Amino acid sequence: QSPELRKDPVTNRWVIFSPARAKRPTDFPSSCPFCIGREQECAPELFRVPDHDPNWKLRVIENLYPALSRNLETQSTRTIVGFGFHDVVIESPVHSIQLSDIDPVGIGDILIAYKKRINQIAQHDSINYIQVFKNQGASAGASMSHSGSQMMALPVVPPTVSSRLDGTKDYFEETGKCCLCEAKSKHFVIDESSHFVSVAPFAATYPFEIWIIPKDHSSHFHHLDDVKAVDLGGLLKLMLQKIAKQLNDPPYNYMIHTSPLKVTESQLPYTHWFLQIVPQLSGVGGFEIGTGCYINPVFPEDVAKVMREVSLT
Amino acid sequence: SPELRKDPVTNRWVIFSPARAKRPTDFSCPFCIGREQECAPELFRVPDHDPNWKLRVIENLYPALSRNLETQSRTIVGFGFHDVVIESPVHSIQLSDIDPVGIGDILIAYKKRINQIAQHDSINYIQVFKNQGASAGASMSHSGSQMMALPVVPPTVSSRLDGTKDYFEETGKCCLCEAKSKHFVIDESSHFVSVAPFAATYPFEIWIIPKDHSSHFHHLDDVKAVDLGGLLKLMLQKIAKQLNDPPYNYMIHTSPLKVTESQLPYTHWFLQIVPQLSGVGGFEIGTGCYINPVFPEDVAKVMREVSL
Ligand SMILES: Nc1ncnc2c1ncn2[C@@H]1O[C@H](COP(=O)(O)OP(=O)(O)O[C@H]2O[C@H](CO)[C@@H](O)[C@H](O)[C@H]2O)[C@@H](O)[C@H]1O
Ligand SMILES: Nc1ncnc2c1ncn2[C@@H]1O[C@H](COP(=O)(O)OP(=O)(O)O[C@H]2O[C@H](CO)[C@@H](O)[C@H](O)[C@H]2O)[C@@H](O)[C@H]1O
Ligand SMILES: [Cl-]
Ligand SMILES: [Cl-]
Ligand SMILES: [Zn+2]
Ligand SMILES: [Zn+2]
Ligand SMILES: [Zn+2]
Ligand SMILES: [Zn+2]
């Protein structure tokens with residue numbers, strides 16, 4: 001098909017769609033420290049679920065090799081000290097269980113644990129943005145094969161958030177509308193649950209990228225409630241299981257995109273959180289490193305069609 | 001001990017964190033001489049119209065953007081030029097093995113192609129880049145680089161214009177004119193200086209920066225082409241020795257084709273070299289903020305001491 005450039009407020013950048021790219025030739029542990037019974041081999045615990053239960057289903061712990069130091073906080077008040085929080089979420093007691101294998105309720109409990117930790121961190125005025133994310137598979141950057149995700153509290157609003165705030169503001173000012181409240185008309189619907197919808201994003205950065213989006217206008221992920229957590233957990237699991245089947249269990253990353261902690265009232269109407277899932281299908285080269293512009297070999301129209309047709313029976 | 005650093009050129013914070021490097025882990029061809037019929041249409045060669053060619057610039061067979069959608073121009077048509085620069089008649093030679101003169105010819109080719117392209121009002125920015133090695137993204141094992149001409153100025157060019165502008169407004173200075181006092185000098189030639197950038201995105205990243213204030217790469221002349229050739233050869237060879245011949249990417253950062261007069265005083269082209277040492281995860285995809293396990297102070301001391 002013919003190449004196209006697409007833009008979206010959320011990314012606030014163009015992406016190249018070009019399927020002819022896919023047609024080019026080319027010349028080229030049963031336990032771990034995260035496993036139950038081995039807690040003393042981990043950096044300190046923040047909490048577990050159930051609370052203080054020796055028979056835990058998840059734990060939220062400090063990252064033992066953290067990118068940022070929680071002990072540089074008061075100094076945090078072209079260079080700034082490397083203060084922040086880096087935590088790990090152990091999603092299973094069993095090494096061989098993956099996130100998508102967990103049932104909706106349990107996935108919901110992991111989501112509520114994200115929520116609890118965000119709320120702890122947000123008591124610090126030094127923190128401006130909290131990034132939750134998950135790596136599964138070596139080529140998606142994973143170093144622990146055990147099923148886990150991570151949280152990184154930042155003293156600064158990072159560039160995707162600045163970009164999204166600018167793009168979503170411009171769209172609100174031109175149309176009066178939150179672009180994500182209009183996800184069903186602006187993007188390609190795959191599946192829908194009671195409170196969330198998953199779409200293939202119109203101006204998708206990566207092939208088979210998927211966004212899961214609250215249908216209600218909701219600025220902060222941390223505003224998630226128990227009922228919405230189980231509903232999101234089922235939709236997240238479905239999207240992961242449909243990805244696993246259709247694309248032959250590739251590695252993936254997922255990333256919650258949420259509100260800055262100090263979001264202003266005037267930002268609220270066009271600030272709407274979402275969950276981004278990127279199956280790891282290939283790397284980038286010099287074009288992308290040079291420009292910050294990506295090349296996508298699959299149109300989201302085709303992703304949605306295919307992903308709608310996926311049968312998990 | 002971890003730290004955040006910013007630079008007007010990236011216009012973004014990067015996180016330096018050396019502890020991160022301690023964590024454990026559980027884990028012939030169609031471009032060769034005479035096979036030109038197996039290639040997309042030639043744009044030119046060097047020497048010009050010589051059957052005994054040294055380099056060729058040709059159309060990309062599987063283009064990201066179509067050179068045939070020009071009149072047609074949340075959506076725009078996928079118009080642009082996607083060109084391949086074949087760097088050798090021979091398959092086993094890699095760019096860094098070429099002599100400074102021959103590397104300069106490649107750099108002069110880039111400039112000639114740039115200037116062909118700048119005759120198109122439809123075009124706003126041209127990205128010259130190279131991939132060497134499968135993990136840096138290569139599909140053709142033959143030595144080659146690429147040119148992507150875009151109808152719009154892309155995110156890093158916008159960030160750079162913004163960040164270099166703010167710095168110029170704050171200081172009256174062009175920040176890359178201050179390279180020797182802002183970054184960590186590794187090597188220097190008659191007209192270029194190579195550095196480990198202060199707020200480098202990637203471990204072992206190196207910039208090659210004209211010492212004269214020069215907004216466009218394509219203003220390169222024959223003398224500077226050879227001078228740059230040798231400094232680029234030198235950095236590529238130092239990387240291969242120090243770092244056990246890793247894959248790499250390099251990227252020319254240059255000015256938009258329609259750069260305004262008032263943007264000139266703070267607009268300064270440079271060549272970025274990124275040895276391919278690590279991948280990203282969800283933090284970088286989520287935020288667009290990177291994590292760099294090696295301070296540029298440390299890269300520069302190591303690279304100064306490499307002997308070939
Ligand atoms: N005993 C222990 N107790 C507590 N924590 C322990 C531990 N042993 C190991 N850890 C931590 O566990 C984490 C596991 O994380 P992942 O496997 O998701 O990817 P990682 O963060 O290594 O790297 C990927 O994700 C990061 C974040 O995006 C990228 O920067 C990087 O390039 C990519 O490879 C590591 O951060 C590690 O420090
Ligand atoms: N017979 C022929 N005639 C003309 N051209 C031919 C040809 N046969 C192959 N080609 C082209 O030659 C190029 C070889 O380029 P590279 O090895 O630098 O990486 P490639 O562009 O494949 O992908 C890497 O670079 C891009 C851009 O940075 C990333 O998007 C991508 O993920 C990464 O793998 C390809 O672009 C291909 O289209
Ligand atoms: Cl939140
Ligand atoms: Cl140029
Ligand atoms: Zn384990
Ligand atoms: Zn909304
Ligand atoms: Zn060859
Ligand atoms: Zn300058």
# chains A, B, ... in the order shown; residues from 1 in each chain; ligands from 1
>>> residues_around(residues="region 286-295 of chain B", least_positions_apart="6", cutoff="6 Å", atoms="only C-alpha atoms", output="number ranges by chain")
A: 158-160, 255; B: 14-18, 21, 202-203
>>> residues_near_ligand(ligand="ligand 3", cutoff="6 Å", atoms="only C-alpha atoms and all ligand atoms", output="list in words")
residues 220, 221, 222, 258 and 259 of chain A
>>> residues_near_ligand(ligand="ligand 5", cutoff="12 Å", atoms="only C-alpha atoms and all ligand atoms", output="ChimeraX atom specification")
/A:29-39,41-42,90-98,143-148 /B:26
>>> select_by_dssp(residues="region 19-267 of chain B", states="strand (DSSP E or B)", output="PyMOL selection string")
chain B and resi 42-46+55-59+66+75-77+79+81-86+125-132+144-150+184-188+192-196+206-210+248-253
>>> closest_atom_pairs(of="chain B", to="chain A", cutoff="6 Å", atoms="only C-alpha atoms", output="tab-separated table")
residue	atom	partner	partner_atom	distance
B:2	CA	A:82	CA	4.7
B:3	CA	A:82	CA	3.8
B:4	CA	A:80	CA	5.1
B:5	CA	A:79	CA	4.5
B:6	CA	A:78	CA	5.0
B:17	CA	A:67	CA	5.3
B:19	CA	A:65	CA	5.8
B:20	CA	A:65	CA	5.5
B:23	CA	A:65	CA	5.9
B:25	CA	A:143	CA	4.3
B:26	CA	A:144	CA	5.6
B:62	CA	A:21	CA	5.5
B:64	CA	A:18	CA	5.4
B:65	CA	A:3	CA	5.9
B:74	CA	A:7	CA	4.9
B:75	CA	A:6	CA	4.7
B:76	CA	A:5	CA	5.2
B:77	CA	A:4	CA	4.9
B:78	CA	A:4	CA	3.9
B:129	CA	A:286	CA	5.1
B:130	CA	A:286	CA	5.9
B:136	CA	A:285	CA	5.8
B:137	CA	A:285	CA	4.9
B:139	CA	A:26	CA	4.3
B:140	CA	A:27	CA	5.5
B:141	CA	A:27	CA	5.8
B:154	CA	A:291	CA	5.5
B:155	CA	A:292	CA	5.2
B:156	CA	A:291	CA	5.1
B:249	CA	A:286	CA	5.4
B:251	CA	A:290	CA	5.4
B:280	CA	A:141	CA	5.8
B:281	CA	A:141	CA	4.9
B:282	CA	A:133	CA	5.2
B:286	CA	A:255	CA	5.4
B:287	CA	A:160	CA	5.2
B:288	CA	A:159	CA	5.6
>>> write_last_selection(atoms="C-alpha atoms", output="PDB file, in the first residue's frame")
ATOM      1  CA  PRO B   2      23.163   9.081  39.853  1.00  0.00           C
ATOM      2  CA  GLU B   3      22.602  12.474  38.254  1.00  0.00           C
ATOM      3  CA  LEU B   4      20.410  14.312  35.743  1.00  0.00           C
ATOM      4  CA  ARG B   5      21.996  16.370  32.949  1.00  0.00           C
ATOM      5  CA  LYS B   6      20.522  18.494  30.185  1.00  0.00           C
ATOM      6  CA  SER B  17      23.242   5.897  36.658  1.00  0.00           C
ATOM      7  CA  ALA B  19      24.896   1.275  39.242  1.00  0.00           C
ATOM      8  CA  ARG B  20      22.572   0.083  36.501  1.00  0.00           C
ATOM      9  CA  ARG B  23      22.335  -5.526  37.794  1.00  0.00           C
ATOM     10  CA  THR B  25      20.504 -10.693  33.826  1.00  0.00           C
ATOM     11  CA  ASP B  26      18.741 -14.087  33.296  1.00  0.00           C
ATOM     12  CA  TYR B  62      11.571  -0.556  -0.356  1.00  0.00           C
ATOM     13  CA  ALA B  64       9.642   4.532   3.672  1.00  0.00           C
ATOM     14  CA  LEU B  65       8.362   7.518   1.708  1.00  0.00           C
ATOM     15  CA  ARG B  74      -4.074  14.536  10.948  1.00  0.00           C
ATOM     16  CA  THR B  75      -2.895  12.967   7.628  1.00  0.00           C
ATOM     17  CA  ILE B  76      -0.504  14.009   4.814  1.00  0.00           C
ATOM     18  CA  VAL B  77       0.538  11.894   1.720  1.00  0.00           C
ATOM     19  CA  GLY B  78       3.681   9.788   2.263  1.00  0.00           C
ATOM     20  CA  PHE B 129      22.268   8.203   8.749  1.00  0.00           C
ATOM     21  CA  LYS B 130      24.207   4.909   8.716  1.00  0.00           C
ATOM     22  CA  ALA B 136      21.922  -1.439  14.957  1.00  0.00           C
ATOM     23  CA  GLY B 137      19.147  -2.275  12.486  1.00  0.00           C
ATOM     24  CA  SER B 139      19.424  -5.471   6.739  1.00  0.00           C
ATOM     25  CA  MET B 140      22.112  -5.247   3.977  1.00  0.00           C
ATOM     26  CA  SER B 141      25.519  -6.515   5.163  1.00  0.00           C
ATOM     27  CA  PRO B 154      10.905  16.114  12.772  1.00  0.00           C
ATOM     28  CA  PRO B 155      10.861  16.141  16.641  1.00  0.00           C
ATOM     29  CA  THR B 156      14.603  16.240  17.356  1.00  0.00           C
ATOM     30  CA  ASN B 249      24.507   4.043  14.051  1.00  0.00           C
ATOM     31  CA  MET B 251      23.324  10.483  12.272  1.00  0.00           C
ATOM     32  CA  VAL B 280      15.500   0.248  25.840  1.00  0.00           C
ATOM     33  CA  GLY B 281      12.599  -0.805  28.040  1.00  0.00           C
ATOM     34  CA  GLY B 282       9.265   0.651  29.145  1.00  0.00           C
ATOM     35  CA  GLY B 286       6.967   5.720  28.307  1.00  0.00           C
ATOM     36  CA  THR B 287       8.828   8.930  29.056  1.00  0.00           C
ATOM     37  CA  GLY B 288      11.303   9.655  26.191  1.00  0.00           C
TER      38      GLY B 288
END
>>> closest_atom_pairs(of="chain B", to="ligand 2", cutoff="8 Å", atoms="only C-alpha atoms and all ligand atoms", output="tab-separated table")
residue	atom	partner	partner_atom_place_in_ligand_line	distance
B:30	CA	ligand 2	1 (N)	5.4
B:31	CA	ligand 2	1 (N)	6.9
B:38	CA	ligand 2	1 (N)	5.2
B:39	CA	ligand 2	3 (N)	3.6
B:40	CA	ligand 2	3 (N)	4.4
B:41	CA	ligand 2	4 (C)	7.8
B:58	CA	ligand 2	4 (C)	6.7
B:59	CA	ligand 2	4 (C)	5.9
B:60	CA	ligand 2	5 (N)	4.0
B:61	CA	ligand 2	5 (N)	3.9
B:62	CA	ligand 2	38 (O)	4.1
B:63	CA	ligand 2	38 (O)	6.0
B:83	CA	ligand 2	5 (N)	7.8
B:84	CA	ligand 2	12 (O)	6.3
B:129	CA	ligand 2	28 (O)	7.4
B:130	CA	ligand 2	18 (O)	5.9
B:131	CA	ligand 2	18 (O)	4.5
B:132	CA	ligand 2	18 (O)	7.0
B:133	CA	ligand 2	17 (O)	7.8
B:134	CA	ligand 2	17 (O)	7.8
B:136	CA	ligand 2	34 (O)	7.2
B:137	CA	ligand 2	34 (O)	3.5
B:138	CA	ligand 2	17 (O)	3.3
B:139	CA	ligand 2	17 (O)	3.8
B:140	CA	ligand 2	17 (O)	4.2
B:141	CA	ligand 2	17 (O)	6.5
B:142	CA	ligand 2	17 (O)	7.7
B:144	CA	ligand 2	18 (O)	6.5
B:145	CA	ligand 2	18 (O)	5.8
B:146	CA	ligand 2	18 (O)	6.5
>>> atom_distance(atom1="CA of residue 42 (chain B)", atom2="CA of residue 121 (chain B)")
22.4 Å
>>> residues_near_ligand(ligand="ligand 8", cutoff="12 Å", atoms="only C-alpha atoms and all ligand atoms", output="ChimeraX atom specification")
/B:9,164-165,167-168,172-180,209-216,254,263-270
>>> write_last_selection(atoms="N, CA and C atoms", output="short mmCIF file (atom, residue, chain, number, x, y, z; two decimals), in the first residue's frame")
data_model
loop_
_atom_site.label_atom_id
_atom_site.label_comp_id
_atom_site.auth_asym_id
_atom_site.auth_seq_id
_atom_site.Cartn_x
_atom_site.Cartn_y
_atom_site.Cartn_z
N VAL B 9 21.00 21.14 22.93
CA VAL B 9 20.89 20.32 21.70
C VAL B 9 19.83 19.18 21.78
N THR B 164 18.58 25.27 21.60
CA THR B 164 19.71 26.11 21.22
C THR B 164 19.31 27.58 21.21
N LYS B 165 18.07 27.86 20.82
CA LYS B 165 17.51 29.21 20.89
C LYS B 165 17.44 29.78 22.30
N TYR B 167 19.15 28.86 24.88
CA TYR B 167 20.52 29.06 25.35
C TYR B 167 21.12 30.34 24.69
N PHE B 168 20.85 30.53 23.42
CA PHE B 168 21.35 31.71 22.75
C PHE B 168 20.75 32.97 23.38
N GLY B 172 23.77 34.76 24.71
CA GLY B 172 24.35 35.29 23.46
C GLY B 172 25.31 34.34 22.76
N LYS B 173 25.40 33.09 23.25
CA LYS B 173 26.31 32.09 22.67
C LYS B 173 25.68 30.92 21.89
N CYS B 174 26.39 30.46 20.86
CA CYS B 174 26.04 29.19 20.23
C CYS B 174 26.70 28.06 21.00
N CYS B 175 25.89 27.15 21.54
CA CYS B 175 26.39 26.20 22.52
C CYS B 175 27.39 25.19 21.95
N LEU B 176 27.30 24.94 20.65
CA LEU B 176 28.22 24.00 20.03
C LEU B 176 29.51 24.68 19.62
N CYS B 177 29.47 26.01 19.45
CA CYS B 177 30.70 26.84 19.38
C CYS B 177 31.50 26.80 20.67
N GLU B 178 30.83 26.46 21.76
CA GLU B 178 31.45 26.30 23.04
C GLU B 178 31.76 24.83 23.33
N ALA B 179 31.88 23.99 22.30
CA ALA B 179 32.08 22.53 22.50
C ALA B 179 33.23 22.15 23.47
N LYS B 180 34.36 22.84 23.35
CA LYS B 180 35.58 22.50 24.10
C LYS B 180 35.44 22.79 25.58
N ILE B 209 31.92 17.63 15.85
CA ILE B 209 31.39 19.00 15.76
C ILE B 209 32.35 19.90 14.99
N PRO B 210 31.86 20.54 13.90
CA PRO B 210 32.71 21.52 13.23
C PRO B 210 33.12 22.59 14.22
N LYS B 211 34.38 23.03 14.17
CA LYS B 211 34.86 24.05 15.12
C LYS B 211 34.47 25.42 14.65
N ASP B 212 34.26 25.57 13.35
CA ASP B 212 33.69 26.78 12.80
C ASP B 212 32.16 26.75 12.92
N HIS B 213 31.55 27.93 13.09
CA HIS B 213 30.11 27.96 13.24
C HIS B 213 29.47 27.74 11.89
N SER B 214 28.92 26.55 11.71
CA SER B 214 28.41 26.12 10.42
C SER B 214 27.04 25.47 10.65
N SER B 215 26.02 26.12 10.09
CA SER B 215 24.61 25.72 10.19
C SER B 215 24.22 24.49 9.36
N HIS B 216 24.79 24.34 8.17
CA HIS B 216 24.48 23.21 7.31
C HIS B 216 25.67 22.36 7.07
N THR B 254 21.50 18.50 11.21
CA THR B 254 21.72 19.60 10.29
C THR B 254 20.54 20.57 10.40
N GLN B 263 17.48 32.25 12.86
CA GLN B 263 17.83 30.99 13.54
C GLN B 263 19.32 30.68 13.40
N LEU B 264 19.97 31.29 12.41
CA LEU B 264 21.38 30.98 12.11
C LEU B 264 22.35 31.11 13.28
N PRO B 265 22.31 32.21 14.06
CA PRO B 265 23.39 32.36 15.06
C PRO B 265 23.54 31.22 16.06
N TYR B 266 22.48 30.43 16.27
CA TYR B 266 22.54 29.33 17.24
C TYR B 266 22.37 27.93 16.65
N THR B 267 22.46 27.84 15.31
CA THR B 267 22.25 26.60 14.58
C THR B 267 23.59 26.12 14.03
N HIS B 268 23.98 24.92 14.42
CA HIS B 268 25.37 24.41 14.26
C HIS B 268 25.21 22.89 14.06
N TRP B 269 25.57 22.42 12.86
CA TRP B 269 25.45 21.01 12.52
C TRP B 269 26.47 20.19 13.27
N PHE B 270 26.20 18.88 13.41
CA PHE B 270 27.14 17.95 14.03
C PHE B 270 26.81 16.53 13.62
#
>>> atom_distance(atom1="CA of residue 228 (chain A)", atom2="CA of residue 101 (chain A)")
19.4 Å
>>> residues_near_ligand(ligand="ligand 6", cutoff="9 Å", atoms="only C-alpha atoms and all ligand atoms", output="JSON, numbers by chain")
{"A": [177, 178, 179, 180, 181, 182, 183, 214, 215, 216, 217, 218, 219, 268, 269, 270, 271, 272, 273]}
>>> residues_near_ligand(ligand="ligand 7", cutoff="9 Å", atoms="only C-alpha atoms and all ligand atoms", output="JSON, numbers by chain")
{"B": [28, 29, 30, 31, 32, 33, 35, 86, 88, 89, 90, 91, 92, 140, 141, 142, 143]}
>>> write_last_selection(atoms="N, CA, C and O atoms", output="compact mmCIF listing (two decimals), in the first residue's frame")
# COMPACT_ATOMS: atom_id res chain seq x y z
N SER B 28 29.27 -11.69 -2.04
CA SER B 28 28.56 -10.82 -3.00
C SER B 28 27.10 -10.49 -2.60
O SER B 28 26.49 -11.25 -1.83
N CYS B 29 26.55 -9.37 -3.13
CA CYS B 29 25.14 -8.97 -2.88
C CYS B 29 24.69 -8.03 -3.98
O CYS B 29 25.49 -7.62 -4.81
N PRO B 30 23.39 -7.67 -4.02
CA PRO B 30 22.94 -6.73 -5.05
C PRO B 30 23.60 -5.34 -5.14
O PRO B 30 23.38 -4.63 -6.13
N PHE B 31 24.38 -4.93 -4.12
CA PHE B 31 25.03 -3.61 -4.14
C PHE B 31 26.47 -3.66 -4.71
O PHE B 31 27.07 -2.60 -4.95
N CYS B 32 27.01 -4.88 -4.87
CA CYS B 32 28.37 -5.09 -5.42
C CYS B 32 28.45 -4.73 -6.89
O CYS B 32 27.45 -4.77 -7.62
N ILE B 33 29.66 -4.35 -7.32
CA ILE B 33 29.87 -3.72 -8.66
C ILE B 33 29.49 -4.66 -9.85
O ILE B 33 29.85 -5.83 -9.86
N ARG B 35 26.36 -5.64 -10.40
CA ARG B 35 25.01 -6.12 -10.03
C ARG B 35 23.97 -5.00 -10.00
O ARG B 35 22.82 -5.23 -9.64
N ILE B 86 25.71 3.61 -1.43
CA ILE B 86 26.59 2.41 -1.44
C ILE B 86 28.05 2.89 -1.37
O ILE B 86 28.49 3.70 -2.20
N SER B 88 31.06 1.36 -1.20
CA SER B 88 32.17 0.55 -1.69
C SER B 88 31.71 -0.27 -2.89
O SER B 88 30.54 -0.69 -2.94
N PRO B 89 32.59 -0.45 -3.89
CA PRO B 89 32.35 -1.43 -4.97
C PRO B 89 32.40 -2.87 -4.45
O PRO B 89 31.76 -3.75 -5.03
N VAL B 90 33.10 -3.06 -3.34
CA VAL B 90 33.43 -4.35 -2.78
C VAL B 90 32.61 -4.67 -1.52
O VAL B 90 32.38 -3.78 -0.69
N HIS B 91 32.24 -5.95 -1.34
CA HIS B 91 31.35 -6.35 -0.24
C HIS B 91 31.89 -6.34 1.20
O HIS B 91 31.17 -5.97 2.12
N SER B 92 33.15 -6.75 1.38
CA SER B 92 33.76 -6.94 2.72
C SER B 92 34.35 -5.68 3.39
O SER B 92 34.63 -5.69 4.61
N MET B 140 21.13 -4.92 5.00
CA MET B 140 22.11 -5.25 3.98
C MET B 140 23.47 -5.26 4.65
O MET B 140 23.84 -4.26 5.27
N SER B 141 24.21 -6.36 4.52
CA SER B 141 25.52 -6.52 5.16
C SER B 141 26.60 -5.72 4.46
O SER B 141 27.71 -5.61 4.96
N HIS B 142 26.28 -5.19 3.27
CA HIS B 142 27.20 -4.37 2.47
C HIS B 142 27.25 -2.97 3.09
O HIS B 142 26.28 -2.54 3.76
N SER B 143 28.35 -2.24 2.88
CA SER B 143 28.56 -0.98 3.59
C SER B 143 27.80 0.10 2.86
O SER B 143 28.02 0.36 1.67
>>> residues_around(residues="residue 97 (chain B)", least_positions_apart="6", cutoff="10 Å", atoms="only C-alpha atoms", output="ChimeraX atom specification")
/B:103,233,236-237
>>> residues_around(residues="residue 117 (chain B)", least_positions_apart="6", cutoff="9 Å", atoms="only C-alpha atoms", output="tab-separated table (two decimals) with N, CA and C atoms, in the first residue's frame")
chain	number	residue	atom	x	y	z
B	81	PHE	N	11.89	11.46	-0.22
B	81	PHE	CA	12.93	10.71	-0.94
B	81	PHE	C	13.68	9.82	0.01
B	123	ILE	N	10.19	19.77	0.36
B	123	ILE	CA	11.03	19.14	1.35
B	123	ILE	C	11.48	20.12	2.45
B	126	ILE	N	16.39	16.89	5.84
B	126	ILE	CA	17.00	15.69	5.25
B	126	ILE	C	17.84	14.99	6.30
B	149	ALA	N	14.58	12.28	3.09
B	149	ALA	CA	14.11	13.67	2.92
B	149	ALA	C	12.61	13.76	3.25
>>> residues_around(residues="residue 244 (chain A)", least_positions_apart="2", cutoff="12 Å", atoms="only C-alpha atoms", output="PyMOL selection string")
chain A and resi 98-101+136+208+237-242+246-252+278-280+307+310-312
>>> residues_near_ligand(ligand="ligand 4", cutoff="10 Å", atoms="only C-alpha atoms and all ligand atoms", output="CSV table (one decimal) with C-alpha atoms, in the first residue's frame")
chain,number,residue,atom,x,y,z
B,110,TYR,CA,25.9,13.3,0.8
B,111,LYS,CA,26.2,17.0,0.1
B,112,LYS,CA,25.6,16.7,-3.7
B,113,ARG,CA,22.5,14.6,-3.0
B,114,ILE,CA,21.4,17.1,-0.4
B,115,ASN,CA,21.7,20.0,-2.8
B,118,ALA,CA,17.0,21.2,-1.7
B,125,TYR,CA,14.5,18.4,6.4
B,126,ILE,CA,17.0,15.7,5.2
B,127,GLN,CA,18.2,13.0,7.6
B,128,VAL,CA,21.6,11.3,6.7
B,214,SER,CA,28.4,26.1,10.4
B,215,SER,CA,24.6,25.7,10.2
B,216,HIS,CA,24.5,23.2,7.3
B,217,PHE,CA,26.4,20.1,6.8
B,218,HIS,CA,26.1,20.6,3.0
B,219,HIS,CA,28.4,23.7,3.2
B,220,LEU,CA,31.2,21.1,3.6
B,252,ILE,CA,24.0,13.9,10.8
B,253,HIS,CA,22.2,16.6,12.6
B,254,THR,CA,21.7,19.6,10.3
B,255,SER,CA,19.5,22.6,9.7
B,256,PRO,CA,16.0,22.5,8.3
B,257,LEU,CA,16.1,23.5,4.5
B,269,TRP,CA,25.4,21.0,12.5
>>> closest_residue(among="A:281, A:127, A:153, A:303", to="residue 210 (chain A)", atoms="only C-alpha atoms")
A:303
>>> select_by_dssp(residues="region 105-167 of chain B", states="alpha helix (DSSP H)", output="number ranges by chain")
B: 105-117, 155-167
>>> closest_residue(among="B:226, B:55, B:276, B:303", to="ligand 1", atoms="only C-alpha atoms and all ligand atoms")
B:276
>>> atom_distance(atom1="CA of residue 165 (chain A)", atom2="CA of residue 233 (chain A)")
26.6 Å
